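# Structural characterization, general
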Amino acid sequence: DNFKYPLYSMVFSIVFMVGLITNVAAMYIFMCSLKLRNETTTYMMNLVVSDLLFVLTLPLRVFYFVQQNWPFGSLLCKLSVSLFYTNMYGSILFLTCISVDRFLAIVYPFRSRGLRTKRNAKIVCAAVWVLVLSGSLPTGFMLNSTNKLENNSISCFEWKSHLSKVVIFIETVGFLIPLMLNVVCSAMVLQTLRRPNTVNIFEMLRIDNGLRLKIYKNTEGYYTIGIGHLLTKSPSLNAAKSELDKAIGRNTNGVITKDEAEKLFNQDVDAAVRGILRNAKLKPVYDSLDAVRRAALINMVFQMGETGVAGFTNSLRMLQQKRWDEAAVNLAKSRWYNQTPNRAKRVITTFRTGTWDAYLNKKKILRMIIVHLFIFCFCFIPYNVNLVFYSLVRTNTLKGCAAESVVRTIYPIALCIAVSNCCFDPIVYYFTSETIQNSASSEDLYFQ
């Protein structure tokens, strides 16, 4: 079994160097940049920790193979086996949670707003840590110990019929349920990319401004509902409630569906478009722009009003002249841009590109799903199918040399592949971060 013992020493040494540097660099990047960026970032940071702890155990394993001796304590022994199963199963769940979080953010951005938050992500992370550590530390602690010889040779190392039954369970739900969950989420995310007109001016305004289905107080102190639709200027909320019933008609008692908010938004948009056409400065620009760039134009108007948008005389003239890049540069330096830089950057980019990529880049989502699926499948499918057959071959398959020897031959290969997760995890973080939405809906000072 020469494939088994020295190959570990090679892979682990390489993996340790690759894994340590990339994961330390990834961890450092996570802390400082963007200030606790997202809920998705919380899942990624827990993944780095599990990989780091397992990476730190790699040199001791290596040493144990090159020197055929374990000069370390009995505690370090079970840690090496425990942290391997810890890191693997924690990695599966964390990657699945990442895939579930992105599936929610893309397919249900409106409905899953309350599900995904930094508070709830941490609880899930604690739940993954609880299961994984409670499963891995006990088994590792009592099944592997130093005193296999400890007489000028220390080892740090049937029940298989009894113990393969529990292996099948944890491998069945701990691995197959996440794998199938990742396929489904990834599959449904791709189905929505096929759907036409995925993003429109209403969805664009929801991203930039926010959608509130209960009566709320404006930045100017006025009473509004939906996306920037104000009911009354009077400081009496009892009067404001009655005004909403006139428009909705159904004795709302202060709350409305998103469809009602869509309906009011369309009324707002039509009046805003009329307001653009009546104003003499905007009408030439508006008639020159296509439907995408007209939506960005109305976006600006929603934030500042037509009179405020008219102030960008320099930039509008260049938008009218089809000088997109130039116009994007002038818009990039303004008082508007400083207060709301994410909203402005996304509006500016649509002006510059004429596409909704800034609000929803389908090419970025496609890369994430592909990378996430193949890394997850390739890293973990080989190890876990071989472990199921290992348990089956130990008892049920019984097909002989070809059964027992083939499965045993593949086991070190699939393990080394599975140990390569810490090297491939950074790549997942990068492409998943490219899909993260910079701006959001609540806690923002300035919303209309």
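By the naming in the PDB entry, the protein goes by Lysophosphatidic acid receptor 6a,Endolysin,Lysophosphatidic acid receptor 6a and is assigned to Danio rerio. Recorded in UniProt under Sequence similarities (unreviewed entry), the annotation for the protein is "Belongs to the G-protein coupled receptor 1 family." Check the Subcellular location (unreviewed entry) section of the UniProt entry for the protein; it says "Membrane".

Okay, the packing of aromatic side chains next. Considering the side-chain rings of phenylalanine 265 and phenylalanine 302, the 5.5 Å spacing of their centres and the 25° angle between planes classify their relative orientation as stacked. Pair noted here: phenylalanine 265 is in helix α8 (residues 258-278) and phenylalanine 302 is in helix α10 (residues 291-309), with a separation of 37 residues, a long-range link. Their ring planes at 50° and their centres at 6.3 Å tell us that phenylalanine 378 and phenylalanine 424 sit as a pair that is tilted. Highlighted residues: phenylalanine 378 in helix α15 (residues 362-395) and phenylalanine 424 in helix α17 (residues 421-433), separated in sequence by 46 residues. Connected via pairs of aromatic rings, a cluster forms that spans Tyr8, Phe12, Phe63, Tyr64, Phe65, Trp70 and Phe72. If you follow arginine 293 out to its NZ or CZ, it ends over the ring of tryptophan 324, 3.8 Å from the centre. Above the ring of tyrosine 286, the side-chain terminus of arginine 294 is found at 4.4 Å from the ring centroid.

Once that is clear, we can look at the UniProt feature "transmembrane region" (unreviewed entry) in the protein. In the UniProt entry, the feature "transmembrane region" (unreviewed entry) is given for residues 7-31, 43-66, 88-111, 123-143, 166-190, 365-390 and 410-432. Taken end to end, residues 166-190 is 100% helix and 0% strand, and its two terminal C-alpha atoms sit 36 Å from one another. Annotated as 96% helix and 0% strand, the span residues 410-432 places its first and last C-alpha atoms 31 Å apart.

Positionally, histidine 372 belongs in helix α15. When near neighbours in sequence (up to four residues on either side) are disregarded, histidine 372 contacts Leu95, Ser99, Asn182 and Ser186.

With that settled, the discussion passes to the domain arrangement of the protein. According to the domain assignment, the protein contains domain 1 (5-196 + 361-433) and domain 2 (201-358). Taking only C-alpha atoms into account, the centre of domain 1 sits 46 Å from that of domain 2. Counting residues at the interface gives four residues for domain 1 and five residues for domain 2. Class assignment for the residues of the side of domain 1 that touches domain 2 results in two nonpolar, one polar and one charged.

The partner of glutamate 203 in a salt bridge is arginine 206, and the shortest N-O contact between them spans 2.5 Å. Residue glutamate 203 and its partner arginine 206 are located together in helix α6 (residues 201-208), separated by three residues, close to a single helical turn. In this structure, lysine 283 and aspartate 287 form a salt bridge, with 2.8 Å as the shortest nitrogen-oxygen distance. Placement of both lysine 283 and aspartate 287 in helix α9 (residues 282-288) is noted, with a separation of four residues, approximately one turn of the helix. Beyond isolated ion pairs, a larger network of salt bridges with shared partners links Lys283, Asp287 and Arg294.

Each value, and the rule that gives it
- Residues numbered from 1 in each chain as written, not as in the entry; some residues may be left out.
- Heavy atoms only, no water.
- Residues with missing side-chain atoms left out of burial classes, pairs and counts.
- UniProt positions renumbered as here; feature names shortened; annotations may be inferred.
- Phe/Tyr/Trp six-rings, centres within 6.5 Å; stacked < 30°, edge-to-face > 60°.
- Helix = DSSP H or I, 4+ residues; strand = E, 2+ residues; numbered from the N terminus.
- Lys NZ or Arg CZ within 6 Å of the ring centre and 35° of its normal.
- Contact = heavy atoms within 4.5 Å.
- Domains from an automatic or database assignment.
- Nonpolar A, V, L, I, M, F, W, Y, C, P; charged D, E, K, R; others polar.
- Salt bridge = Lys/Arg side-chain N within 4 Å of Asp/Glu carboxyl O.

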